[PDB]
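A.B. asks: Chains as they are written, first to last, in the authors' numbering: chain C, 32 to 288; chain A, 25 to 216; chain B, 204 to 253; chain B', 204 to 253. A prime marks a further copy of an entry chain. Here a beta-carbon is modelled for each residue, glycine too, at the ideal position from N, C-alpha and C. Quick one: this structure, given as structure tokens, is what I'll be asking you about.
Here is the structure:
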């Protein structure tokens, strides 16, 4: 017993000798506000360990919902979050009428193209992560007046194909997710491509996810008066995105062996 | 029973969150609440519900008068300086000291000077010469909250008088507010 | 008006220390109203704030 | 194979001390596998123990 026991004895002894007026003394013992404890706080991939914590403070009758009930910004609350998955212009090129069948019109490095310039919605985050796992939704657009005709082959080529491209027989590329799109009939092609690789994750700022290309199925048959400047545009959206490995700002990191 | 914490022994670094109505005692002492009046004079609605002088303007002609309206660092209204943000109805008391005429009065929070050129759209209540009116301007503020300190914390007041002859005079102004919403109290002000 | 009273803080036991501790420390005195505090009549001003 | 990553221990707040305490201390870094650790294929040896 002791030194904890004192509030009671003093409080009691004071109590025992008390008369009509009452006790002439009160004693209370307890633990100090500053006790021997340890506090731990964890934020995204971080852990703060403090062995000398203090009572946390905050304003009067505070509201941490942080949501503007007036919606001075009429946007979905998760706008900023989904922003990087937004549809963007990945490429544009002008098909030249002279081009032969099987000629490559244009191509886009996948998936590093979504971070093609610092003006890409996904460029921001892509910088702070070395690993990526995502799905794509392409929309190759090619517009041509009715008078003209022709056809282009929009096809997705995984790294395997891109690597050994010359070893593959054109005309068989229809085995890959493609869209033989006959001009004067269709002005846009849609391609939904899931994560395809021989590795669970692909290094950010790499072409390992393969690349989307556009070939000349049948050259452009442009009549005399008809226009001769056909542009091919490639748009891309991320069906699903996933940045995992943390890393310094835009520093080449090897996720592979 | 009573803990040593409530007997004076505490730690200043363990006061957060802000606003701890902790009771303090001793053997012969207890918090005793005694009220001398049927109501409180400390409540924001009551205290501020009472006007206080603002400023005066002397007019020798109809030219319009626009003045930024701000919280006082002078009267009992100074108690507002203990806060950072305000929002709510604003009571403006105007006295028209003139022999023969009328006084157009209007209030807007809009900073643009031009919007006040055509005074009628804004309001323009009419106080005949020798009369005083008390108009309650609503919170038509383009900003959800009014920093309480700003030289224009309160919206601008417009006074244009439709005089008739060579008559001239002066317009004294007093301000008060109806039900005030103050937030995030800041540190006490200094003295001049 | 009239003062609240005389405030005095006398030394009871000399502040002790050692080779690696200060021989004198700093003190701060704060003041606030009790839970039974009240104010009543609003009057004119005796000073001007800024 | 490939490194596990970059390990860095930077100073956040200078190690404080007093008349009877050290101005610098010793540190030890240990390493172990997590509760989800696993190993898979046994391969040849790259070194010889003793």
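Note down the Cα distance separating residue 171/A from residue 116/C, rounded to an integer number of angstroms.
C.D. replies: 39 Å
A.B. asks: Got a sec: which bits of the segment 222-233 of chain B sit with their beta carbon under 9 Å from any beta carbon on chain B', in order along the chain?
C.D. replies: Against chain B' - using a Cβ distance shorter than 9 Å - the residues of the segment 222-233 of chain B are 222, 223 and 224.
A.B. asks: What's the C-alpha gap between residue 20/A and residue 44/A?
C.D. replies: This structure cannot speak to residue 20/A, because chain A is shown only from 25 to 216.
A.B. asks: Given 6 Å as the limit, tell me if residue 157/C has its C-beta closer than that to any heavy atom belonging to the ligand FMN.
C.D. replies: Although the ligand FMN was asked about, the structure shown includes no ligands whatsoever.
A.B. asks: Would you grab the beta carbon distance between residue 262/C and residue 124/C for me? Rounded to a whole angstrom, and I think it's under 8 Å.
C.D. replies: The pair is a contact, with the Cβ atoms about 7 Å apart (cut-off 8 Å).
A.B. asks: Exposed or buried, which one is residue 146/A when buried takes at least 16 other CB atoms within 10 Å?
C.D. replies: buried
A.B. asks: Do three or more CB pairs link the segment 128-141 of chain A to the segment 154-170 of chain A at distances below 8 Å?
C.D. replies: yes
A.B. asks: Using only CA atoms, which one of 218/C, 213/C, 193/C and 143/C lies nearest to residue 207/C?
C.D. replies: 193/C
A.B. asks: Quick one: what's residue 202/A bridged to in DSSP?
C.D. replies: DSSP, once it has assigned bridges, lists no residue as partnering residue 202/A.
A.B. asks: Which same chain residues, not among the five before or five after residue 121/A, have their C-beta less than 6 Å away from its C-beta?
C.D. replies: 193 and 194
A.B. asks: Roughly how many angstroms separate the alpha carbons of residue 82/A and residue 89/A, rounded to a whole number?
C.D. replies: 10 Å
A.B. asks: Label residue 141/C either buried or exposed according to how many other C-beta atoms from any shown protein chain fall within 10 Å of its C-beta, with 16 as the threshold for buried.
C.D. replies: Taking all protein chains in view, the Cβ of residue 141/C is crowded by 16 or more other Cβ atoms within 10 Å, so the residue is classified as buried.
A.B. asks: Enumerate in chain order the residues of its own chain whose CB-to-CB distance from residue 121/C is below 6 Å, with the five nearest sequence positions on each side excluded.
C.D. replies: 139, 144, 265 and 267
A.B. asks: Distance check for residue 219/C and residue 186/C, CA to CA, integer angstroms please.
C.D. replies: 13 Å
A.B. asks: In this structure, how does DSSP classify residue 177/A when only helix, strand and coil are distinguished?
C.D. replies: Residue 177/A falls in the coil class under three-state DSSP.
A.B. asks: Three Cβ pairs or more, each shorter than 8 Å: is that satisfied between the segment 230-242 of chain C and the segment 157-169 of chain C?
C.D. replies: The segment 230-242 of chain C, when compared against the segment 157-169 of chain C, does touch it at the 8 Å Cβ threshold.
A.B. asks: Just list the alpha helix (DSSP H) runs in the segment 45-117 of chain C, keeping only unbroken ones of 4 residues or longer that don't cross its boundaries, in chain order.
C.D. replies: Listed in chain order, the complete alpha helix (DSSP H) runs (minimum 4 residues) inside the segment 45-117 of chain C are 110-113.
A.B. asks: For the 8 Å Cβ check, are there 3 or more pairs between the segment 199-216 of chain A and the segment 64-72 of chain A?
C.D. replies: yes
A.B. asks: Going by beta carbon distance, what residues of the same chain come within less than 8 Å of residue 64/A, once the five residues before and after it are set aside?
C.D. replies: Excluding sequence neighbours, residue 64/A sits near 70.
A.B. asks: Mapping DSSP to helix, strand and coil, what is residue 154/A?
C.D. replies: coil
A.B. asks: Please classify residue 68/C as buried or exposed, where buried requires at least 16 other C-beta atoms within 10 Å of its C-beta.
C.D. replies: exposed
A.B. asks: Can you tell which of 39/C, 100/C and 162/C has its C-alpha closest to the C-alpha of residue 277/C?
C.D. replies: Residue 277/C has its Cα closest to that of 162/C, out of 39/C, 100/C and 162/C.
A.B. asks: According to DSSP, which residues form a beta bridge with residue 119/C?
C.D. replies: 267/C
A.B. asks: Cβ of residue 44/A less than 7 Å from any chain B Cβ?
C.D. replies: no
A.B. asks: Short check: CB of residue 214/C to CB of residue 247/C, under 7 Å?
C.D. replies: no
A.B. asks: Using a Cβ-Cβ cut-off of 8 Å (strictly less than) and excluding sequence neighbours within five positions of residue 80/A, which residues of its own chain qualify?
C.D. replies: 194, 195, 196 and 197
A.B. asks: Using 8 Å as the cut-off, can you tell me whether the segment 105-125 of chain A makes contact with the segment 204-212 of chain A, which would need three or more C-beta pairs spanning the two stretches below that distance?
C.D. replies: yes
A.B. asks: Leaving out the 5 sequence neighbours to the left and right, which residues in its chain are closer than 6 Å to residue 67/A when beta-carbon positions are compared?
C.D. replies: Counting only Cβ-Cβ distances below 6 Å, and skipping sequence neighbours, we find nothing.
A.B. asks: Which of helix, strand or coil does DSSP assign to residue 54/A?
C.D. replies: coil
A.B. asks: What does residue 208/B reach in chain A if we use C-beta pairs closer than 9 Å?
C.D. replies: Under the 9 Å cutoff, chain A gives no residues; its nearest Cβ is about 15 Å from residue 208/B.
A.B. asks: Roughly how far, in whole angstroms, is the beta-carbon of residue 242/B from the beta-carbon of residue 60/A, given that I think they are within contact range, below 8 Å?
C.D. replies: Rounded, the Cβ-Cβ distance is 11 Å, inconsistent with contact.
A.B. asks: Do residue 60/C and residue 37/C have their C-beta atoms closer together than 7 Å?
C.D. replies: yes
A.B. asks: Using only CA atoms, which one of 99/A, 53/A and 137/A lies nearest to residue 91/A?
C.D. replies: 137/A
A.B. asks: If you measure between the beta carbons of residue 57/C and residue 78/C, is that distance less than 7 Å?
C.D. replies: no
A.B. asks: Spatial neighbours of residue 228/B' within its chain, please: CB distance less than 8 Å, with the 5 preceding and 5 following residues excluded, ordered by chain position.
C.D. replies: 218
A.B. asks: Check for me: the beta strand (DSSP E) holding residue 114/A runs from which residue to which?
C.D. replies: 112-121
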